[PDB]
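Residue numbers (our numbering), protein chains in the order written: chain A, 36 to 241; chain B, 36 to 241; chain C, 36 to 241; chain D, 36 to 241; chain E, 36 to 241; chain F, 36 to 241.
Idealized CB from N, CA, C, for every residue including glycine.
There are 6 protein chains.
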Amino acid sequence: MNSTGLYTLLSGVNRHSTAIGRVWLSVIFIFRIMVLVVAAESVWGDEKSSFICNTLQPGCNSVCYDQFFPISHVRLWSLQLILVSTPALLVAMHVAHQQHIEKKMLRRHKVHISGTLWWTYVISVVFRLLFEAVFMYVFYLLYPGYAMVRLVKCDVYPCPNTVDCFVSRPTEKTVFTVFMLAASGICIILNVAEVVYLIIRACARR
Amino acid sequence: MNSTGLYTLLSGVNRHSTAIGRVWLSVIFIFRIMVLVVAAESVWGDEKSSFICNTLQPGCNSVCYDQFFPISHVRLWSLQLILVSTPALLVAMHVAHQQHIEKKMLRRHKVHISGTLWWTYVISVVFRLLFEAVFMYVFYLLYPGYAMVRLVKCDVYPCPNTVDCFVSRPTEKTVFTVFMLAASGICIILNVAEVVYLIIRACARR
Amino acid sequence: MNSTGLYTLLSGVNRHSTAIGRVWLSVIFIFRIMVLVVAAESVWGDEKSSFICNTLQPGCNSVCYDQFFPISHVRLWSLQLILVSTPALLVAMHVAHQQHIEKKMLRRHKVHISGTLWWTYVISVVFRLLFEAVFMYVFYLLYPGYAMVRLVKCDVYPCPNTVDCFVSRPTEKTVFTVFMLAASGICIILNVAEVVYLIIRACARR
Amino acid sequence: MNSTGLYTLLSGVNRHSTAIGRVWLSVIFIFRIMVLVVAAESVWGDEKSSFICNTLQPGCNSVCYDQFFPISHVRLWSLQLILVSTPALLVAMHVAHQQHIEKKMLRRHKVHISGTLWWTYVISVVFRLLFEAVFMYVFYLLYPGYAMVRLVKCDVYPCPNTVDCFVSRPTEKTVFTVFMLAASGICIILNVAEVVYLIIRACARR
Amino acid sequence: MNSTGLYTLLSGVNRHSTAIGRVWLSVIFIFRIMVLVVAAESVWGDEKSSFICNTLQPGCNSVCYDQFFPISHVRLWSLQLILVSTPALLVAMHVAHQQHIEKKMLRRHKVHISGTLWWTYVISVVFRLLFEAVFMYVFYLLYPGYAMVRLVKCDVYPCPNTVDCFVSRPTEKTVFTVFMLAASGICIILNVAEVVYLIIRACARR
Amino acid sequence: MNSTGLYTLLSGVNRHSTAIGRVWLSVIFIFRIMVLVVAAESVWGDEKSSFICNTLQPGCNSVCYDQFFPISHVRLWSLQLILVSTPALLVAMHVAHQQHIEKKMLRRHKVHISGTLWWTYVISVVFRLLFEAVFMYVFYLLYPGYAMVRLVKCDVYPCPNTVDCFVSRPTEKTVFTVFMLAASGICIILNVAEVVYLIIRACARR
């Protein structure tokens with residue numbers, strides 16, 4: 036259960052929770068992690084030798100794959116996963132530091148400590164939402180369509196003439212792309228909802 | 036025993052149990068997981084280079100394998116495994132949240148809490164059954180026969196003429212397919228039985 | 036020791052033991068697991084590229100390997116291992132459920148509970164013996180001789196003429212086959228002995 | 036959580052902390068570790084066969100890749116990671132030794148012990164900053180530009196004539212290089228800030 | 036420390052110890068395990084493609100490697116490791132069963148229990164020594180010389196004419212072979228010494 | 036932290052410590068382990084296919100690589116690591132045995148026990164230093180220069196004419212070689228210092 040515990044900690048939302056981050060956001064995060072693991076291992080796999088171009092010239096396949104796929108889908112997904120996880124790690128380290136300060140004191144102010152923890156948690160949720168939105172926009176920029184292309188025409192050096200060539204598995208890649216963007220959209224919606232509900236609860240407290 | 040504990044948690048059915056989910060459904064789930072692991076590692080394996088087509092044209096093998104196998108059997112099985120596991124993760128996170136709320140209160144209403152937990156568990160079981168049925172229908176749509184084909188004729192671009200070519204290991208794939216669909220059918224039957232018995236127990240309580 | 040603990044649980048025989056399942060059957064089970072792991076990793080390994088047939092025709096090697104080896108030895112051994120393990124998982128889940136019912140009651144009947152546990156354990160042992168015997172018969176059907184063949188003649192499509200070709204490592208495969216069937220026979224004998232001794236003990240109790 | 040615990044120990048900063056090393060430096064360190072793992076596994080990968088040079092001469096590809104890439108980016112990153120981690124391991128071992136001496140005594144001086152621990156921690160932070168700066172300078176020396184080159188001309192023996200050839204994935208390598216150098220710069224800034232704040236706190240104590 | 040604990044359990048010698056099995060035999064066993072792991076992973080590695088024979092005939096390399104190397108060195112070493120470990124697993128399971136019987140009784144005879152445990156331990160040590168001696172004799176039979184051959188002449192079917200061909204790394208294989216046989220001889224000597232000292236201690240008790 | 040705990044146990048120096056083995060030697064040992072892991076995985080890697088020789092004759096590459104590299108650098112480093120670790124395992128097993136004897140007695144002499152433990156620890160440190168020095172001399176014998184060669188001339192059978200060929204990555208191999216020998220020299224110096232300081236402390240006690 037160490038993997039599940041770590042994944043929960045990546046959306047732990049510490050003490051100040053809205054029953055949205057702990058239940059729904061955590062499960063969506065774990066689901067996205069599992070889908071990304073499956074896709075990266077099996078579907079994309081190597082994604083370099085699986086790209087075949089109808090050429091005898093050495094190096095034309097590499098440059099042709101580079102031109103159309105500057106960064107892989109799985110690479111962006113893993114990078115987004117790491118950057119989304121980082122605010123949660125910041126909050127966990129901050130709460131551990133605060134607990135250590137409390138135990139050092141043991142060996143008004145508590146209200147201020149709780150307020151600071153709440154503020155840092157809210158800021159981290161906002162930053163997570165911003166990272167998700169930015170990566171969604173980056174995916175839109177680099178890969179407009181949700182479907183993976185099947186045929187591409189290449190004329191870049193050192194390819195002598197224009198050559199047509201093929202992506203490995205467009206259908207599975209399209210399915211996993213739809214899954215990943217659906218999970219990202221659900222995460223964005225849940226993050227916005229959690230921010231709004233946190234603000235409402237804070238206003239109700241005052 | 037961490038793997039067994041996680042697999043049990045993927046069918047933990049929390050406190051409200053009918054002696055069907057904990058004993059039978061859990062073991063069938065673990066058995067399906069083991070069979071899928073063995074099949075994905077060894078039987079399908081790469082399932083890309085193992086596909087050989089009698090062609091010299093580069094890229095014809097890839098498109099021919101794509102046309103007849105849009106999504107692999109193991110890919111669908113893993114996706115179904117994840118989607119079936121997700122309601123159980125939702126229930127586990129919900130019960131953890133409820134326990135944390137209880138401990139926060141510690142640091143009528145309990146009857147309502149138990150009722151909500153029972154309702155969420157029943158809804159999750161129904162959703163799991165729905166996912167299993169949907170994936171069974173998807174397997175029927177994509178792969179009508181239980182047996183794996185041996186020979187396929189291909190004429191798609193860029194293959195110059197029609198070419199006949201072969202799947203890697205039809206017999207082992209057929210055996211593992213039969214195992215997986217049998218496990219899925221048993222899971223569907225057990226889910227329906229658990230739903231019915233839960234409804235009967237609830238009626239008996241009232 | 037987690038692996039050893041899991042393997043013991045796969046022959047845990049819970050509370051009602053005859054000093055045959057816990058000591059001897061568990062060790063034979065673990066020994067068979069280790070031998071299967073070594074064979075699957077190293078000896079059979081890929082067992083697909085290691086099959087070389089004296090042909091230039093693409094796809095003849097695959098169909099020739101399929102005709103003579105419909106299902107691999109290691110595949111059958113792993114499948115038998117899983118199916119033999121499943122009754123033990125059923126018994127472990129059942130005893131966990133019974134313990135949870137006992138603790139729920141805590142938060143004549145006990146004699147009935149012990150009797151039901153004994154009966155389920157006996158039935159599981161019988162089912163394990165049946166699975167072992169069935170897999171032994173399946174091995175006899177598919178692979179009559181204990182020794183692995185060295186040369187096979189192939190004429191199936193698309194091989195143009197009859198071609199002779201070779202298995203990778205007949206001697207190591209034969210040695211590991213003898214080891215595996217010896218372990219299976221010992222397991223069958225021990226299962227029969229445990230059933231008989233359980234019946235004798237039950238009669239002595241009455 | 037063992038991996039997270041180890042990574043935290045690699046920036047544990049023991050008892051004398053400034054709320055910069057525990058919260059921010061630890062998370063930046065873990066983020067750099069994750070980015071390096073992803074890059075080394077997927078982006079660079081083998082980085083030897085992915086280098087293709089337009090030659091038929093055997094051995095020209097190896098020497099050409101050697102001339103332009105004496106040491107890989109991931110190799111330097113891993114070496115820097117190890118050397119940066121080593122002062123933290125020294126401090127952890129020293130504090131464990133001091134605790135063992137304390138427990139041996141159990142089975143003024145304590146003030147001196149705390150002072151020595153503080154001094155060793157400060158020296159270790161300074162050494163970590165020095166290692167980071169040295170590796171940044173080494174990266175500047177070996178790879179001036181942040182962007183990865185795409186085309187290189189090679190004339191070294193045994194290549195018969197000058198040949199142009201290509202790096203595998205310049206864009207992903209450039210992105211991960213920018214990420215790694217940004218993380219290193221943030222680590223350098225945070226180390227300098229922690230040193231300054233430690234000196235200020237020490238002066239305030241006196 | 037789980038691996039070290041398991042390896043110690045593979046020579047645990049339970050309660051009746053002679054300060055030879057626990058200290059010396061355990062360490063020699065672990066050393067042999069580490070050497071075997073290193074050799075199997077790196078030195079022998081695949082040991083199939085590393086065998087190159089000066090032939091164009093397909094299948095001649097496989098049969099030639101089979102004729103001179105019926106079973107690999109690492110295969111025999113792993114098999115010997117498993118068979119040597121099995122008596123220790125029997126003793127561990129027996130002592131666990133005896134402890135469970137003791138706790139069931141809790142929920143003269145003890146002297147008899149200790150005597151039976153001592154006898155089973157002595158018999159297991161004798162069986163371990165017998166297995167070691169048998170495997171040493173098997174290595175002598177299959178591979179007379181300690182040094183690995185470098186050149187072999189092959190004329191078996193389907194090789195058209197006699198062909199000379201080469202083992203991958205004779206020097207490293209020879210070094211690791213010397214290490215493994217030295218460890219096995221030390222284990223044999225220590226097992227004989229432990230048997231003799233156990234008999235002497237038993238006689239001294241009487 | 037299990038890996039760190041095991042590595043510390045490989046230099047645990049048990050109870051009689053000089054604040055050199057626990058703090059400095061342990062960290063240098065772990066650093067050497069990490070550097071060896073990185074080098075073996077990435078830098079040397081396969082180190083067999085990475086060796087390319089300008090020949091068409093099959094088997095000339097293997098014999099040429101064998102002649103100049105009888106045993107790999109990483110192979111010697113791993114063997115040295117194991118042999119250096121073994122005295123520490125002996126001491127750990129001995130102290131565990133002594134603790135078990137103490138607890139069996141529980142269920143003058145203690146001074147003698149402490150003296151024997153001190154003596155065994157000193158002898159183990161001396162043996163570790165001897166192993167390090169012997170492996171340093173072996174590296175000097177087999178590989179005189181610290182730098183890895185780039186070009187080698189080969190004329191051994193079956194190579195028809197003299198052929199020049201190339202090592203994979205001389206610069207990275209040279210860097211990692213310098214790192215490993217520097218770590219080994221530091222270990223030797225620290226072992227000598229620990230022996231001297233232990234003798235001085237023992238003389239001071241008397």
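CA nearest to the CA of residue i, picked from the options
i              : options                            : result
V98(D)         : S219(F), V202(F), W154(F), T121(F) : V202(F)
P105(C)        : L45(C), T43(C), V173(C)            : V173(C)
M183(B)        : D101(C), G80(C), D81(C), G47(C)    : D101(C)
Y156(B)        : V78(B), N226(B), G40(B)            : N226(B)
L177(D)        : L60(D), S38(D), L71(D), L111(D)    : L111(D)
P195(A)        : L91(A), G47(A), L60(A), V73(A)     : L91(A)
residue 245(E) : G40(E), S77(E), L41(E), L60(E)     : The question about residue 245(E) has no answer, for chain E in this structure spans 36 to 241.
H147(D)        : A74(D), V191(D), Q133(D), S159(D)  : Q133(D)
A75(B)         : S107(B), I55(B), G40(B), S84(B)    : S107(B)
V187(E)        : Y175(E), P205(E), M171(E)          : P205(E)
Close beta carbons around residue i, own chain, < 6 Å, minus the five adjacent residues each side
i       : result
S113(F) : none
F86(A)  : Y100
Minimum Cβ-Cβ distance from residue i to chain I less than 8 Å
i      : result
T90(F) : Looking at the structure shown, chain I is missing, and the protein chains on hand are A, B, C, D, E and F.
Chain D contact for residue i (CB, 8 Å cutoff)
i       : result
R110(A) : yes
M128(A) : yes
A131(F) : no
Nonlocal neighbours in the same chain, by C-beta distance under 7 Å from residue i, ignoring five residues either side
i             : result
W153(D)       : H51
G94(C)        : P193
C88(F)        : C95, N96, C99, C189, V198, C200
residue 32(B) : The question about residue 32(B) has no answer here: the residues shown for chain B are numbered 36 through 241.
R163(F)       : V119, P122, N226
Span of the alpha helix (DSSP H) around residue i
i              : result
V198(E)        : Per DSSP, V198(E) belongs to no alpha helix (DSSP H); it is in the beta strand (DSSP E), 198 to 201.
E82(A)         : Run containing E82(A): none; DSSP gives neither H nor E here.
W154(A)        : 144 to 177
residue 254(E) : The structure shown does not extend to residue 254(E), since chain E is modelled only from 36 through 241, so no value can be given for it.
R236(C)        : 205 to 240
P105(E)        : First-last for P105(E): undefined, no H or E at that position.
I63(E)         : 61 to 73
Below-8 Å beta-carbon distance, residue i vs any chain E residue
i      : result
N37(C) : yes
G94(F) : yes
Boundaries of the beta strand (DSSP E) in which residue i is found, first to last residue
i       : result
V187(F) : 186 to 189
Cutoff 8 Å; reference residue i; Cβ partners in own chain excluding five residues on either side
i       : result
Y181(D) : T209, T212, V213, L216
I63(D)  : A218, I221, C222, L225
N49(E)  : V126, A127, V130, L152, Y156
Rounded distance between the beta-carbons of residue j and residue i, thought under 8 Å
i       : j       : result
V109(C) : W79(C)  : 5 Å
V169(A) : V230(A) : That pair is no contact at about 16 Å.
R57(F)  : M140(D) : Not quite, the Cβ-Cβ distance comes to about 16 Å (not below 8 Å), so this is no contact.
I117(E) : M69(C)  : 5 Å
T43(B)  : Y232(B) : With 8 Å as the limit, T43(B) and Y232(B) do not qualify as a contact, their Cβ atoms being about 20 Å apart.
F166(A) : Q115(A) : 7 Å
Neighbour flag for residue i against chain B, beta carbons, 8 Å
i       : result
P193(C) : yes
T53(A)  : no
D101(C) : yes
Contact with chain C by residue i, beta-carbon distance below 8 Å
i       : result
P205(E) : no
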